[PDB]
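Reviewing the structure listed below.
Protein chains in written order, with this note's numbering: chain A, 12 to 254; chain B, 2 to 245; chain C, 327 to 437; chain D, 858 to 1101; chain E, 71 to 320; chain F, 384 to 624; chain G, -9 to 188; chain H, 62 to 294; chain I, 799 to 1040.
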């Protein structure tokens, strides 16, 4: 009777506790990340925290390059993150081979969310304690943000945030879009869209960043790429000459 | 491992009973009452619909009375979904016999095979048994008009008049009180309506809460005909019998 | 089309005495009109005082002797180092040969 | 309630896998082992607790080679470490069979990472009771990695796990600070010997044997080789000099 | 590895109750209210698009889905469980019917196929029942217009009008008062917007409400012309503008 | 898929699932078998919890495995059908390969072998059925009577009973059956069968069924009147004293 | 091929099957019974491939006897023939088909009428007043088209078979060593042990 | 504590232990004592066989793997049969495919990996037997101690079973003596008999009780029992 | 619950140890091996007088030179006897010789530990261990007359004399004093018959007790009731002597 909280079966309230505890595992890393849409680009900013001095900082990453076009930032433990990363890369390559065109951002999100649903229904597979955020400039939909969770739920976003301090970043973005009356960041170059994302990250968290505190991923037409420590440094100089 | 969460559906009690079989019979005892009565010139199937509304479409509704063969039909008590899985396999078995021998399947053979499937879930597999009781009304050239019943244990018996579902003890006492061996179908139709009306948990027995089916060999034909009563046809016979 | 079989020639001879037995065989290995080897042992000591030679197709001959020598080895492992008698060896080789009834060892073996 | 720590794949109320955390306790109980990344290679060193004089010296090898360029060393349950190296050897051979080039170190790290992570997804399998320090030289420089029972791995300038991991990490941090330009392969072998001897104080009750291996581009042609003979003794003396 | 859960996770309790089905129905009760009304010349299905965040685009999440060009479906309960059932229902319509008979299955049979999938998730080894109830509305040549409700148990019933979810009890009572067997399609849509308002707490507009109808054939949505027998799909999702125009005549 | 070990040993050296399977036999209706000099008789009692059954079609307790062998049982009615079916298939399989019908011992050995298999296989529960297998060996006039049980143990009896109140009827047979003079006539063999049942049945003319097996495929089941004539004669034996 | 003859008269079915078993050069047996009793009122004769011929017949016999005990009922001659046809129909598309041609003659106790069915190895079933397999039909069909009447008694049918055998002995090259004749009616199956000189 | 985590081998304890493995190790300590020791030329297995009754036989403890390899058992006999038969196959595979005598070190690697697989998967149980493998290959004489945990260690001399500490302490002291017994099989056996007598407590080693096996430079693995071990009592 | 192949804190298998308790409830079986032959004797133990005692088969023939006695759950033995009979005949087919008694016993014991719900090793498809112990007795040219005790544990011991079943502990203690390496075939016949009489709940006669022997000359032979009854009479007269 008390094993309803051990396996993915319904509780007397109609809840699934194992799914709920998988949601709690997503904040284990204590990392905040946001995603915003430009005029023709999509940018993801994530917190980079290297505690041990013995670690090689270049290997510490939660942003993954799934395909040529699609990128993915993860909130949760790295072993489960890399499990979801390898699968997404395998699904992206297979789709192109079978259907003759690069898998869209929303389709990859739906496919990964459908897989997350299986762990929610079947008993032997545990849910992955990670929240996946897919970003790309689709050849049909344009700049796109799609986010999946352990529940098997997915939806599109004008902009999004994930982490322990998610709510503070979310309301900060909401209030900007209520003011601007548009669903995107009206800017031509991606550099300024990255600059926007860093600025509103600082304002929401109330914390200043160095070049090693952040992790940036930029999605453009036909390409997704991650910014190096010097690329972020140039971006931090530009926002400093405004405040 | 996984052993921790195993309910063990196919085990004996210290007394020598089968837990899941016993509890499945408890599940059926709450479902709508279904009655079968055998007459000298046909068989009568009658079933009471469990839970009805004003906005429930009755014309396209079929929850208790199903057609397996051109000669064999069933009454359902218990889970509707679990029944349809067993009904589908029974229809296939009936067609497999017709393909093999070029003859319509005898009633008992179809009943036994369906009961043997229920038996399988009782002995092995680790899965729950089907929470369904059937009343088989059928005709073949060997025994004529036949009435069978089967339960989650996989056991089947023959009857002259039988009831499954809710208030079987009350329904069986009333049937045993008024049944005679030389009954006509019209008398059996009346008995079925009188038995249901007294075992109903609701206020009054109306047409929208009933399903009716008769299997008769029409004297002006020489062949067996199955007649699943329409909403209006149930409404008519309800007035004629003196229930209105 | 690929032919799995071949012929390596040679000849073997086995004569039993009153208290002894000989198994002879030429050391010449050939293919068609060419000589492969002038010294290639064909008769083998398999242990338990038993000698064996399979003559015909060299690859099948070597595989059969290798399988029999190994069959004697496992006979000791399973039966408390019991000596394999000559009549027991002969019956064992029958099952080794008939095992490949539909893809036969192309050899005439003598023990 | 409780019981969240009995099954493997079960999430506890705080989003933790206790069976994984219990496997780390088996690693912490195990022998101390280290890894040092130098300017063109990596150096692996391991403590070997001599239980009695009956143990044959220089025989019970703990450091294992994967392919021809990767070296692996682990702490905790030795048989579990051997199983992981066996899988890694199959995984390295599978890569070379299809792609011709020997498996890159970041590639090999993920291959073990996914395999260990797989043992945290099912209740039918037990997590690995080992933390593996591994690395080598490939197309673009040298790499050093440390893998956890959770499946978590990162790149390391200096890695340490086992009984005296804290004493080792403190000594490794001193090297990173004092050598920003990068330690040499010759210096890394000597220093690894010292760190093991200093980390041995957490297990100073038992006598131990030192075992060192290295993979350097200039010293060993990028191939994994064991430190033997004069260079081994030179390292032992360097450690025995600075222990007092 | 290997699924060692070969035994049933849903079993009969001493009282005769199947716990996991009862709890799955409890999860349906927590879900957002959805409704369906059958008229003389069409069937309407509607639900509230409960936006989890104002930053999230409600358009990219369809609670009402097309199964066949003549059959639509809406739910109440668990979103992910519904989404996979839609994909299974769309495929079973082809594999078990259209690839055999060359035509799309009638409403009653497609509902029966969905019911089978959900029934198996109740009996099969190592699975939990679907935490969703479905409202399936469709049209076929020999049955006309029909509406069905599928439960986690696998049981299904035809309806003239019904609602499931949060305030299903209060919605059904209101539907009983306003329904008659002489309603036009537009009248059914009008009542649908009236009944759904009582369940909606916040904004009630064409952006927060998802509505679709099974009515007349749409040759404009066919995509091709030339074949006389092909006259277009009967299923049509109403746009954000089409809802707002009818909300003014509320 | 499902291979969970249901039938297992307990601290005191018992397999409870096999033990409770015999408790299911104790619940089932009583079945008795006696062998005379040239005939075997199987008698079974009929349940009276519900009385409105169609006796023509309702499955009888005594089932024919072959033309010369019969099988009666006690316990679960659903489990017995599987044992009878497997025995009937094996009966035909033996006639096919050996070119000779089964001996009563061999058919018993098969049924007991199937029951034993279910006591040490994963994912299955043992049969809640004990059987009485009677008949005559091919071209042999020697009567045969065997008994199997859930545990898989089988043995031959001169007289045996199984089911509910089988403890009472066995006592009767232990002090009424003599091995020196087995019932030499079919009539007195049936009489002893009815007498032993009347100790349990408690006045049941329609509750007692009698089947007689004779050598060379001669099996016949007695009608209600034929059995009723024995009951009437037996009730006189008590009253004449 | 072997001789398999069948004729349905007024109240019975008569089957005549050759006695000779020949393997290559020698006649090994001259008293072979090329027929099996499937049920008390149904008989099946067979000819074809050396090994398949008896193996198929006994396999069918086992299944009909199994059904007869399970249901305590005898299948109609139509139902038995439909079972045999399906078995051969599955066989023809298998790895190694049964090369057996059968004649099924039985008396239907319900209809009180004799019935004869002819099925080849392909699974082609047909109901006939008279049937033959192999090369026997090339001589016998024209004979039976001329002399056959439906109201003929069992004795009349035996005389008609005698006329068929005499033609087969005269015109056929193979020595089939005569035939074994069996009658299937309401009383069951009996063998005519005096057909050597009837 | 212990009762919750000893249900199967798949479960770790809060301290990081495997109790089912530890219980399998307890099966060795219940078994009869056996001694292994080697020099630079030979390797000897001296095994004390156990009888159930005085009417029973002293069950065999030494199993031959190949002409150059063999092992002694302590604990469960059928678990020793499975592992020895596996090692018989591996020695045979190396000789048939590679024409190569399997190294004793690699034989220990193979027994380690096979025993490990039973300690990670659900359903399976650990092997309940300790093994002492001796062998002479291309690198001289060898002695290996196998444990159900999977741990295999190369040693000069050792003993496993009941009261095995008495023999192990002796060999730890006699270390510098028996390692130098080269070219003499009899003296190496006598050192093993003196080792196994240190573990004695119940009785004295008799004729049908003592079991001695030897393999070396010019000695194929041969097992001596009864009359052949009378000159060592 | 708990696994069928679970170890106890003492280092034993639960299901194996519980299986030995089931044999302790079974009928008594005694075997004595001499230089003239091996003698086997069992207790029939009929549950009712109506039970035909000759149908009780607890001593079975594996081969002409190998026979065995069973104790405990006798139904579990049927597959073990089948395997033993097959292995003896299959060895005769492969090697044109008689199988060694040790080799036969080893083949039977190879099935004992083949139980589990999915134990990693091969494919052990059996839910529980056998509930029966065997007394395999025979003769071969290499080791002479032999007596083996096969357990559900997979282990087998060779005995000069062994008793298993209900009175196994008291009978074995009796066998300790009575056995010597110079016993004749007849001496062992009365000895089994005497010790059975002690441990049996019923009075020993030729109907509830059965004897059998394996010799090099005649092979495995089961003693008929007439032959056994004469030995009981001889045993009664020798005990009444002193």
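C-beta: ideal position from N, C-alpha, C; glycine also.
{"Asked": "Mind checking if residue 77 of chain E is an interface residue toward chain F, Cβ cutoff 8 Å exclusive?", "Found": "yes"}
{"Asked": "My output table needs one value for residue 121 of chain B: the three-state DSSP class, helix, strand or coil.", "Found": "helix"}
{"Asked": "Starting from the N-terminal side, write out each stretch of the alpha helix (DSSP H) that is 4 residues or longer and does not extend beyond the stretch 157 to 243 of chain H.", "Found": "165 to 177, 225 to 234, 236 to 239"}
{"Asked": "Let me make sure I understand the geometry here. Which of C:396, C:436, C:343, C:369 has the alpha-carbon closest to that of residue 352 of chain C?", "Found": "C:369"}
{"Asked": "Can you pull the DSSP bridge partners for residue 947 of chain I?", "Found": "I:933, I:955"}
{"Asked": "Is residue 422 of chain F helix, strand or coil by DSSP?", "Found": "coil"}
{"Asked": "Would you say residue 209 of chain B lies against chain E (beta-carbon separation less than 8 Å)?", "Found": "no"}
{"Asked": "Under 9 Å Cβ-Cβ, which residues of chain B neighbour residue 130 of chain A?", "Found": "Going along chain B, no residue has its Cβ under 9 Å from residue 130 of chain A, so there is no contact; the nearest lies around 15 Å."}
{"Asked": "Counting only runs that start and end within the stretch 41 to 118 of chain A, where is the alpha helix (DSSP H) found for 4 or more residues in a row?", "Found": "89 to 110"}
{"Asked": "Specify the secondary structure class of residue 105 of chain G as computed by DSSP and reduced to three states.", "Found": "strand"}
{"Asked": "Would residue 127 of chain B pass as an interface residue toward chain D - the criterion being a Cβ-Cβ separation below 8 Å?", "Found": "no"}
{"Asked": "Which bits of chain E does residue 82 of chain B rub up against, with CB to CB less than 7 Å?", "Found": "185, 189, 223, 224, 225"}
{"Asked": "Please classify residue 337 of chain C as buried or exposed, where buried requires at least 16 neighbouring CB atoms within 10 angstroms.", "Found": "exposed"}
{"Asked": "Grab me the residues of residue 760 of chain I's own chain with a C-beta within less than 6 Å of its C-beta, minus the 5 sequence neighbours each way, in chain order.", "Found": "Since the first residue of chain I shown is 799 and the last is 1040, residue 760 of chain I is not available in this structure."}
{"Asked": "Where does residue 446 of chain C land, buried or exposed, given buried means 16+ other C-beta within 10 angstroms?", "Found": "This structure cannot settle anything about residue 446 of chain C, because the visible part of chain C is limited to 327 through 437."}
{"Asked": "Assuming residue 1091 of chain D and residue 1051 of chain D make a contact with CB atoms under 8 Å, what is their CB distance in whole Å?", "Found": "In fact, because the Cβ distance is near 12 Å, the residues do not count as touching under 8 Å."}
{"Asked": "Which of the three DSSP states is assigned to residue 331 of chain E in this structure?", "Found": "Residue 331 of chain E is absent from the model: chain E starts at 71 and stops at 320."}
{"Asked": "Mind listing the chain G neighbours of residue 475 of chain F? Cutoff is C-beta to C-beta under 7 Å, in chain order.", "Found": "52, 55, 56"}
{"Asked": "Going by DSSP, what residues sit across from residue 48 of chain E in a beta bridge?", "Found": "Since the first residue shown for chain E is 71 and the last is 320, residue 48 of chain E is missing from the structure and cannot be characterised."}
{"Asked": "Determine the contact status of residue 126 of chain A and residue 94 of chain A, defining contact as a CB-CB distance below 8 Å.", "Found": "no"}
{"Asked": "Rounding to the nearest angstrom, what Cα-Cα distance links residue 1025 of chain I and residue 1017 of chain I in this structure?", "Found": "17 Å"}
{"Asked": "Name, in chain order, the residues that DSSP records as bridge partners for residue 289 of chain E.", "Found": "Answer by DSSP bridge pairing: none, since residue 289 of chain E is not bridged."}
{"Asked": "Near residue 110 of chain G, which residues of its chain fall below 6 Å by C-beta distance, leaving aside the five closest residues on each side in sequence?", "Found": "91"}
{"Asked": "Is the separation between the beta-carbon of residue 124 of chain A and that of residue 87 of chain A shorter than 8 Å?", "Found": "no"}
{"Asked": "Using only alpha-carbon positions, find the residue among B:239, B:2, B:25 that is nearest to residue 128 of chain B.", "Found": "B:25"}
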